[PDB]
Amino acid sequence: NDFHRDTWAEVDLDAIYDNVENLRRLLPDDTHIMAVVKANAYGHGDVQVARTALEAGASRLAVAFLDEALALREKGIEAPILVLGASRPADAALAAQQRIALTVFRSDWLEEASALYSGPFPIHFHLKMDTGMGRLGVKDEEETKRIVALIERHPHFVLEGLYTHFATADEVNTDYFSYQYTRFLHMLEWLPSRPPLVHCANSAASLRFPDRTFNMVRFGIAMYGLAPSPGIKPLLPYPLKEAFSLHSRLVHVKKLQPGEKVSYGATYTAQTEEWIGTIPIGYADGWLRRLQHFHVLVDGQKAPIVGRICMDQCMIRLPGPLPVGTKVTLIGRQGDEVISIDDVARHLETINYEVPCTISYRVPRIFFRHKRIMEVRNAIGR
């Protein structure tokens, strides 16, 4: 893949490999690692991360919905994939045909799938139990037993596993977390027999209580080198390696006289003679307008974004006259300076999770592995 705009993200797959391999060491040899690669691998590239994770010790993959699993299959992934979200009963055969496990939490969903699917491929289901997140999952025993029976009844339906998800595993206080964990052990008692795969832990839960993970953990945010929360940062077993960086280059440089305005609404006025540089990145690239008072790195120093951010471009105040083509780092490091995803998240008043997911399809991803450029991924490429 090739691209024609000097703006690109870089994904360090060696970082991703180390983050996963280190967990593989920390976990019991009997414990599976399921790599969560939904939302294009949290904006890092679905197939590239999936392969590296499998390479580092992950044995299974997880996506948000069916479309995300089929895409991985088409790209050549043959590892098992679990759809964590909802799916249509009418798509059961497709999922069964492609060897994709489905999450189930409603007995009426199964009644539908049953009437539509007869075989010959078996469907692996994972029972979701709501223990306090309030998102998806069964809540009562009656509904739970009903589901187990329907699966039991059908020759091609198999209950491969069951799980829950924690709402506060990244909180230093573990009161709610303990309630959910206890609720889980109680509900597992509703099952006639324990499925071969029992899971509940996410990045935070598996890194904090690796002994309470059962047979499989679902590794997400931490695989990308980002802490589930600033609060638990000082409690993580090993150092995480940030894998995502974002860069651009100056395409224009000019000197403004005092009084000259910049950008929409003319909300910025040069106080004195200053050098303004224009970079080819805007909010359609995920660099939201709310980043208007943030700073970028240029020539090793912090340069403030001046004026409002445009759809495809934005201006910054430079230290002096720098040459067009000069590299600008928006996320990453230059010399001694560095800007992490956590820094961007803080200014945007959101969590790190949301930042890389928002860097759009317009921004090509360049992959590094073994300290070398592996491949380029340009969504709007040829």
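Residues carry their position along the shown sequence, with the first being 1.
- Mean CA B-factor, 20 to 28 versus 364 to 372: the higher value falls on 20 to 28.
- For the segment pair 203 to 211 and 216 to 224, the entry gives 203 to 211 the higher mean B-factor, averaged over Cα atoms.
- Ranking 129, 191, 133, 71 by the C-alpha B-factor listed in the PDB entry places 191 at the top.
- The maximum CA B-factor among the listed residues 160, 285, 111, 242, taken from the PDB record, is found at 111.
- In the PDB entry, residue 334 places in the highest third of its chain by CA B-factor.
- When the CA B factors of the chain's modelled residues are split into thirds, the value for residue 172 lands in the highest one.
- The entry lists a Cα temperature factor for residue 180 that places it in the middle third of the chain's modelled residues.
- Among the modelled residues of its chain, residue 97 has a C-alpha B-factor that falls in the middle third, as given in the PDB entry.
- In this PDB entry, residue 280 carries a Cα temperature factor that places it within the lowest third of its chain's modelled residues.
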